[PDB]
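These notes concern the structure reproduced below.
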Amino acid sequence: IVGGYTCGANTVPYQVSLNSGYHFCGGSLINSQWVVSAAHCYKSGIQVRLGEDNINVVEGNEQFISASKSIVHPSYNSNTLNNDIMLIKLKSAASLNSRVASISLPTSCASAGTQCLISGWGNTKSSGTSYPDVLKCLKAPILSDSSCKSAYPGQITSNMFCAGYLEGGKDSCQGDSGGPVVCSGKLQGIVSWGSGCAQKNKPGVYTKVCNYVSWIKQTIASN
Ligand SMILES: CC(=N)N1CCC(Oc2ccc3c4ccccc4n(Cc4ccc5ccc(C(=N)N)cc5c4)c3c2)CC1
Ligand SMILES: [Ca+2]
Ligand SMILES: [Ca+2]
Ligand SMILES: [K+]
Numbered sequence: 022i023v024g025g026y027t028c029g030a031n032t033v034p035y036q037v038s039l040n041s042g043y044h045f046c047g048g049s050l051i052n053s054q055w056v057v058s059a060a061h062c063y064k065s066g067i068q069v070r071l072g073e074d075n076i077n078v079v080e081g082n083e084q085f086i087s088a089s090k091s092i093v094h095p096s097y098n099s100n101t102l103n104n105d106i107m108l109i110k111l112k113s114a115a116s117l118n119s120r121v122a123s124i125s126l127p128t129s130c131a132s133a134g135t136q137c138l139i140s141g142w143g144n145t146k147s148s149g150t151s152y153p154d155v156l157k158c159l160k161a162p163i164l165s166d167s168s169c170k171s172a173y174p175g176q177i178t179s180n181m182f183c184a185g186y187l188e189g190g191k192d193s194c195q196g197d198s199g200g201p202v203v204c205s206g207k208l209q210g211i212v213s214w215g216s217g218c219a220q221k222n223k224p225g226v227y228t229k230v231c232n233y234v235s236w237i238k239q240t241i242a243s244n
């Protein structure tokens, strides 16, 4: 997150860190046994870390649970990032508390201009590299589809939306991938891609979750 603020210890309780010996992507807990992240974050040997603030210090609220199963969306296209979503099932159920909570699936898509909260442990530099230890937060509005498509000609699909600032300075970045985009208390997006980070006229692109609700519900019920 570029141009964000320090959220504060367990302020985004559904935020998950995917670890494979190091943090490599964010995720969102949708229930005691399932996490939603991006298909581009797919990897073997995933450990899910819940209730994390500072990823390099154990402050005692953490729950480290191995993944038993990974399911990348059937139509995921690594070339275009269309359908950038994966489900991750936990070996054992997480213990929900004030620090570890699940986020609800959206019942409908959100409108352009709706304010959202994006979070993660990604790079905080527009151009440079500086990874934080504590979770960063950022408020950003959903952009109009026209603005999104104008910004990335021939690359935006109906499964994507843009959020951020056209004037740049604030965005998600590498390290935030797979992370939640929460608008009006529902998971509306997943940090997917972009052109650099916080650049003028290059907002963040997010997987449009509301398109995936029956897929998520059905997949979960059968696994
Ligand atoms: C050909 C085509 N249709 N494309 C559509 C868009 C897609 O963009 C991509 C595709 C793949 C990768 C990729 C893979 C490994 C490591 C870093 C990679 N990056 C850079 C990358 C990755 C994640 C981001 C999250 C947020 C932001 C952001 N500004 N908020 C930028 C990111 C940049 C990519 C950007 C690939 C090109
Ligand atoms: Ca801390
Ligand atoms: Ca910690
Ligand atoms: K990334």
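The sequence shown runs 22 to 244 under this note's numbering. The C-beta atom is built at its ideal place from N, Cα and C for all residues, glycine as well.
Going by beta carbons, residue 72 and residue 139 fall outside the 8 angstroms limit.
With a 10 Å radius around the Cβ and a threshold of 16 neighbouring Cβ atoms, residue 85 comes out exposed. Placement of the Cβ of residue 79 at a distance of less than 7 angstroms from at least one heavy atom of ligand 3 is found. In this structure, DSSP gives residue 239 a helical state, which the three-state scheme calls helix. Membership of residue 62 in any beta strand (DSSP E) is not indicated, and neither H nor E is assigned to it by DSSP.
DSSP places residue 161 inside the beta strand (DSSP E), whose first and last residues are 157–162. The DSSP-derived three-state label of residue 52 is coil. Residue 181 sits away from residue 230, with the two beta carbons spaced by 8 angstroms or more. Burial is judged here by how many other beta carbons sit within 10 angstroms of a residue's own beta carbon; residue 242 has fewer than 16 and is exposed. Taking the C-beta atoms as reference points, residue 209 is found no nearer than 8 angstroms to residue 144. The Cβ-Cβ distance between residue 66 and residue 56 does not fall below 8 angstroms. Around the beta carbon of residue 74, 16 or more other beta carbons sit within 10 angstroms, so the residue counts as buried. Beta-bridge partners of residue 84 (DSSP): 71.
Within its own chain, the residues whose Cβ lies closer than 8 angstroms to the Cβ of residue 189, once the five positions on either side in sequence are excluded, are 147, 219, 220, 221, 222, 223, listed in chain order. Within the same chain, Cβ atoms closer than 8 angstroms to the Cβ of residue 154 are found at 75, 76, 77, 78, 142, the five residues on either side in sequence being excluded. Using a 10 angstroms sphere on the CB of residue 58, the tally of other CB atoms reaches 16 or more, which defines it as buried. Separation of residue 157 and residue 111 (C-alpha to C-alpha, rounded to the nearest whole angstrom) is 25 angstroms.
In summary, residue 114 is exposed, with fewer than 16 beta-carbon neighbours lying within 10 Å of its beta-carbon over all protein chains present.
Taking C-beta atoms under 8 angstroms as the contact rule, residue 162 and residue 137 qualify, at a distance of about 7 angstroms. Excluding the 5 residues flanking it on each side, residue 81 has no same chain C-beta neighbour closer than 6 angstroms.
Sorting 236, 159, 198 by C-alpha distance to the C-alpha of residue 32 places 159 at the top.
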